[PDB]
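Here is what each chain is made of, one letter per residue.
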Amino acid sequence: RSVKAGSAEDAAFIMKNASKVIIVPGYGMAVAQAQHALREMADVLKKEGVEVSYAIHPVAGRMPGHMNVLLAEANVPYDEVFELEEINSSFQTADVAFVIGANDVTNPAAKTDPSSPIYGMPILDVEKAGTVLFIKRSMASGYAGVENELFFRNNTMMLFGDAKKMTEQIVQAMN
Ligand SMILES: NC(=O)c1ccc[n+]([C@@H]2O[C@H](COP(=O)([O-])OP(=O)(O)OC[C@H]3O[C@@H](n4cnc5c(N)ncnc54)[C@H](OP(=O)(O)O)[C@@H]3O)[C@@H](O)[C@H]2O)c1
C-alpha cells in the first residue's frame, strides 16, 4: 500500500483550505490545467488566507524559467515562489505541498537514500511537509521518476489523475 485515500477531494484541504503549502508546478501542472487551475486556485484560495509558494527546481518541466509562466502567463504570482535552493523556507512552514505534475524535481531520494539510480540534489523536500499532492496518472517517468517513496509518510503524496483533475475538484468544485 502507500499512504493516501481521497484524490483531488483531498486537495480541497491541502489546497483550498491549508494555511501553508507550496504549488509545485511540474510538467503536467502548467501543461495539465494547473497553469490556469492553480492560477485561479492561487487566487480564489490564497484570498481565503492560505499561502502558496512554488517548490520546484527552476526547471521542473520544459524550459528553465518556464514553470513560472503558468504562474505568470496564468495569473498566480511568483513573489512567493521559491525555485530550489530557497525552498528550505517554503516547506519550513507549509503544512502541505501541492506537488503538481513534478516527478524527478522532487525525487527525495537525495533526502531518503542516494541509492537511487541518479544522485538527486536539494530537490523540494515536499514529502517533508504536511500533505503533498503529486498529481499524475501513475507511471510518471520524468527525467528520473526513480526513488520517490515520499508517498509513504503522513498524508503527503500523489493523487492519480491529471493535474487538471487536481484543482478542478478541490478549488474549482470540491462538493
Ligand atoms: N528545464 C530545463 O531546462 C532543464 C535542463 C537540464 C536538466 N533539467 C532537469 O530535468 C528535471 C525535470 O524535473 P521535473 O519534475 O520537472 O520533470 P520530469 O520529471 O521531466 O516531469 C515530467 C512529469 O510530468 C508528467 N507529465 C507529462 N505530461 C503530462 C501531462 N500531459 N499531464 C499531466 N502530467 C504530465 C509525467 O508524469 P505523468 O505522466 O504521471 O503525469 C512526468 O513524470 C530536473 O531534474 C531538472 O533539473 C531541466
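Residues numbered from 1 in each chain as written, not as in the entry; some residues may be left out. Heavy atoms only, no water.

The deposited coordinates for this entry were obtained by solution NMR.

Labelled according to the PDB entry, the protein chain appears under the name NICOTINAMIDE NUCLEOTIDE TRANSHYDROGENASE (SUBUNIT BETA), originating from Rhodospirillum rubrum. The title given to this PDB entry is "Solution Structure of the NADP(H) binding Component (dIII) of Proton-Translocating Transhydrogenase from Rhodospirillum rubrum".

1. Some points on the environment of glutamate 73
Keep this limit in mind: Numbering of helices and strands runs from the N terminus, with a helix taken as a DSSP run of H or I at least four residues long and a strand as a DSSP run of E at least two residues long. Burial classes: relative accessible area under 20% of the type maximum marks a residue as buried, over 50% as exposed, and values in between as partly exposed (1.4 Å probe, protein chains only). Only heavy atoms enter the contact rule, under which two residues are in contact if any of them lie within 4.5 Å. Two N or O atoms count as a polar contact when they lie within 3.5 Å, although within protein this holds only if one can serve as hydrogen donor and the other as acceptor, and sequence-adjacent residues are included solely when both atoms are side-chain atoms.
Looking at the element boundaries, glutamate 73 is found in helix α4 (residues 67–74). On the basis of relative accessibility, which here comes to 46%, the residue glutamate 73 falls in the partly exposed class. With 46 residues separating them in the primary sequence, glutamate 73 and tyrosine 119 have C-alpha atoms 32 Å apart. Contact partners of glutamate 73, with chain neighbours within four places excluded, come to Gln35 and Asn68. At 3.2 Å, the side chain of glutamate 73 forms a polar contact with the side chain of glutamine 35.

2. Considering the pattern of salt bridges
Under the convention used in this document: One speaks of a salt bridge when a side-chain nitrogen belonging to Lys or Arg is within 4 Å of a carboxyl oxygen belonging to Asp or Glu.
Taken as a whole and judged by the stated rule, the model has five salt bridges. Here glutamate 149 ties to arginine 153 by a salt bridge, and the two come within 3.5 Å at their closest N and O atoms. Residue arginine 153 is classed as partly exposed on the basis of its relative accessible area of 28%. In this structure, the salt-bridge partner of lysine 164 is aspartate 162, at a minimum N-O distance of 3.3 Å.

3. Overview of the nonpolar core
Quick reminder of the rule: What makes a nonpolar core is a set of buried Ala, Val, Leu, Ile, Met, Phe, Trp, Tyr and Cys residues whose side-chain atoms join them at distances within 4.5 Å.
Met15, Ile23, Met41, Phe98, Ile100, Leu124 and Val126 are the most contacted members of the largest nonpolar core, which has 56 residues in total. Aside from chain neighbours lying at most four places away, what touches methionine 41 is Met15, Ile23, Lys46, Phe98, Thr167, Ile170 and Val171.

4. Examining the site of the ligand
The cut-off we apply is this: Near, as used in this document, describes a residue that has one of its heavy atoms within 4 Å of the molecule or strand being considered. The protein chains shown are the only cover counted for residues, whose accessible areas, like all others here, come from Shrake-Rupley with a 1.4 Å probe. Residue polarity is assigned by list, with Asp, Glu, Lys and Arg as charged and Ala, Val, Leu, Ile, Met, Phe, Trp, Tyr, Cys and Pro as nonpolar; anything else, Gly included, falls into the polar class.
Near the ligand, the surroundings consist of 23 residues, among which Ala60, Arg62, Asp104, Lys136 and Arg137 are the closest. Within the contact set of the ligand, an oxygen atom lies 2.3 Å away from a side-chain nitrogen or oxygen of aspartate 104. In this structure, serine 141 approaches the ligand through a main-chain N or O atom, which is 3.3 Å from an oxygen atom. Relative to its free-state accessible area of 930 Å², the ligand is covered by the protein chains to the extent of 76%. Considered class by class, the residues forming the shell around the ligand number eleven nonpolar, eight polar and four charged.

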